[PDB]
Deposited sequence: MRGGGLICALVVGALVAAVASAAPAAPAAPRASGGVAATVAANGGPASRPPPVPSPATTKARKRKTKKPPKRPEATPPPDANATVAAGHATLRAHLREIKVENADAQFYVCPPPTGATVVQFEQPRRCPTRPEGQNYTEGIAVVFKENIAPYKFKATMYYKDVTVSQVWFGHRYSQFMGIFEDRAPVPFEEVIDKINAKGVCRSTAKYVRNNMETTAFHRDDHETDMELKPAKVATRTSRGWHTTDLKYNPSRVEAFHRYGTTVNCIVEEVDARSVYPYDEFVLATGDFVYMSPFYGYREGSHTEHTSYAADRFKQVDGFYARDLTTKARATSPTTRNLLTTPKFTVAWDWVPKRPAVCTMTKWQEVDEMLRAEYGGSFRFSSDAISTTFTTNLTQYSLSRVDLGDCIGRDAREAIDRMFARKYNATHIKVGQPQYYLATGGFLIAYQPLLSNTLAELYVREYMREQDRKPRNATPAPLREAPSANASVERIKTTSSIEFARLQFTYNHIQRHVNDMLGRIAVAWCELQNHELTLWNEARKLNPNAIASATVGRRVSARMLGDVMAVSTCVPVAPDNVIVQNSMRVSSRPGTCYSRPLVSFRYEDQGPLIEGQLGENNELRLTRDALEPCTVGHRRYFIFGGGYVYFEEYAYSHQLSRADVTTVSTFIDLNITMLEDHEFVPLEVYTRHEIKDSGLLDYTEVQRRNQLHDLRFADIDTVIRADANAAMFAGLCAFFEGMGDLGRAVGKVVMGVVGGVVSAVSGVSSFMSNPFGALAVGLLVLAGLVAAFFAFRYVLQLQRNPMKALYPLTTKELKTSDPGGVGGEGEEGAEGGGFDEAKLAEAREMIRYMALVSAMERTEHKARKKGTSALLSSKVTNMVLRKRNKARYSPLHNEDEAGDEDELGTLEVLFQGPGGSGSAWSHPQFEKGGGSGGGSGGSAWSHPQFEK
């Protein structure tokens, strides 16, 4: 007790008047974003090589030189070479009959060299299947054993082997498609699209004209089944210095593409704001950003697959999910998104609402677009809910003004003190409130009287306790009456008829003063009285800090290590052989 201040308040006068702030104009809900519904196909930069089937035709020519010492034989040398099979032989012997000449006649080191199997006369040898090995393609050959000369004591002799080999191999080529490789690791410096017809003669070739041939209406004969193909092809044949390679010719534009279809999105919402389109997919949790102008497909080099694949996928998705409820609005539109993604977009409309060239470079990481989706999804919800709270809060403040301007007529002192921000006396001057600042009085300078009975006129009593006080620690003593909430009135006018059973508690300092039968009893602290709350609880807690550690499924070291052989390490090791096991400096 005796900690809270007391106050004496003079009667207010028109010298200072106040009014309550009138209702504020409440904010409006921000208008919801307009989304165009649509179907989309997202394309990425093509990194995969163009793949096709090819067939190699060559003869393994081997010339061994043997020395016949006493009771032992020794190879003095083994010359190994690959000779190309001529076109006449590929067409008239291999494809027509499944045989090869037992001789190899070809140009090597600027000389026309000729080899004969076993050094015998030329004969047509039957091609037969190679021994099976796992994961390899088909192959055929004419000979299993190497031929070596027969013994002649103390002589050096030579023996020739000629094995005609045929192999089906996968061929690979990368943009700009001016050369290709075979599964054997052999390069071919000619475009896989090179030919005579349809302007294909302008494609790249590093070889002389006579090294190339194109056969129209060619029918392949299978070497194992001996069956002839049902339909013809345009067969390309190229004779390199080491082998002849054949493959089916096809037009370039419909075969290759610098873009690859990546995602088919049947629910792609398009929004427009800030001079850009936002294409968001709820299924893949991704948001792409683009300029408002379409990207002309004429800018894409070899982009013919884009329109073709987009139209097929869009029509398929539309038929599967929308044919019964929506319509297509115009033809597909193309947009280039940040990160190098090309989006083919088909806008839709519900039935109920129907009244020079370059290459795009795609990033390897989509995470920026998934963070964009996630941030936008959360931001939109938080801004919506906080916007609703801001509106409701303003409406509540305006609505309660009706209670405040009614309460002020009942107790202007309390309402003025609560709104002005300091203890004041107040009085209504019609429709405005006059105010005056109250003077504080220390709790030590007040004394309550022991009785509320009016001795001067029995049967009448004071409504509130009589009090005695002084403005300063030393000075005159003033007689007054206790008012509401530590108020000290300069007049003893609050009177009532005395009634039996009188019990009262009045606020006195930081506690209460109890009275019975118009006589003092004792002081109390607020803790002595039962407390009930007019407050509605709201337990809001902050979202705690969180630390994201670095995390990878496979480190780049594990990715480098997953390869069975590392060309760099094999070469480093093999080239150290002479430095480890020989002497590169001593001369004899």
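No alpha-carbon coordinates exist for the deposited sequence positions 1-102, 458-487, 721-948, given here in order along the chain.
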